[PDB]
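Novice: Here you go, one structure.
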Amino acid sequence: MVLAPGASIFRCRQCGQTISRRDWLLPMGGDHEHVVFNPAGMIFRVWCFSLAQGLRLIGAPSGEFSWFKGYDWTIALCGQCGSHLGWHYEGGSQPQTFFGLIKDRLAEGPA
Ligand SMILES: O=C1CC[C@H](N2C(=O)c3ccccc3C2=O)C(=O)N1
Ligand SMILES: [Zn+2]
């Protein structure tokens with residue numbers, strides 16, 4: 013508990029949409045940060061969150077190339093501007109669901 017925290021809320025870097033909160037960071041496999049690459053070779057510093065808002069989840073889930081064993085993913089866009097912010101994971105265990113958001117696509121700031 014601190015007065016006037018500046019590192020409280022994550023917003024979409026491109027538009028400001030409210031997306032998540034530092035309090036909702038989730039240490040999957042012991043770390044909230046997972047460094048991964050996709051089939052196109054892009055490297056992502058993914059932060060895992062229990063909860064997020066302000067996104068639009070696109071399509072139906074897929075297990076293909078999943079970075080997290082037992083989870084299927086859907087692309088998560090900023091619901092306001094369409095920026096690709098990460099993925100929603102579902103279908104797994106403990107937790108059943110979570111979000112993996114691309115750290116450098118978010119801005120962190122006060123509540
Ligand atoms: O857990 C995941 C999320 C989806 C992510 N992914 C991508 O970022 C991607 C880009 C191009 C073609 C196919 C994929 C893909 O499966 C990926 O590689 N693993
Ligand atoms: Zn946005």
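So for the sequence shown, the deposited numbering puts the first residue at 13; every next one is plus one.
Note that CB positions come from ideal geometry on N, CA and C, so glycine has one too.
1. Taking 8 Å as the cut-off, decide whether the C-beta atoms of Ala123 and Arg23 are in contact.
2. Report the CB separation of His96 from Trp85 in whole angstroms; it is logged as a contact under 8 Å.
3. Buried or exposed: where does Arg68 fall if 16 or more other Cβ atoms within 10 Å of its Cβ makes it buried?
4. Return the bridge partner residues of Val48 from the DSSP annotation.
5. Leaving aside the five residues before and after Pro17 along the sequence, list all residues of the same chain whose C-beta is less than 8 Å from its C-beta, in chain order.
6. Buried or exposed: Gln29, going by 16 or more other Cβ atoms within 10 Å of its Cβ?
7. With 16 as the cutoff for other CB atoms within 10 Å, does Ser32 come out buried or exposed?
8. Thinking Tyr83 and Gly103 are a contact (beta carbons under 8 Å), I'd like their distance in whole angstroms, please.
Specialist: Reading it off the structure:
1. It is not a contact, given that the beta carbons lie outside the stated cut-off.
2. That belief does not hold up - the Cβ atoms of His96 and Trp85 are roughly 12 Å apart, past 8 Å.
3. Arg68 counts as exposed, since fewer than 16 other C-beta atoms from the protein chains shown sit within 10 angstroms of its C-beta.
4. The bridge partners DSSP lists for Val48 are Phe56.
5. Cβ neighbours of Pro17 beyond the five flanking positions: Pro122, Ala123.
6. When all chains shown are included, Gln29 counts as buried.
7. With 16 or more Cβ atoms within 10 Å of its Cβ, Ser32 is classed as buried.
8. Approximately 6 Å separates the beta-carbon atoms of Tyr83 and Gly103; this is inside 8 Å, confirming the contact.
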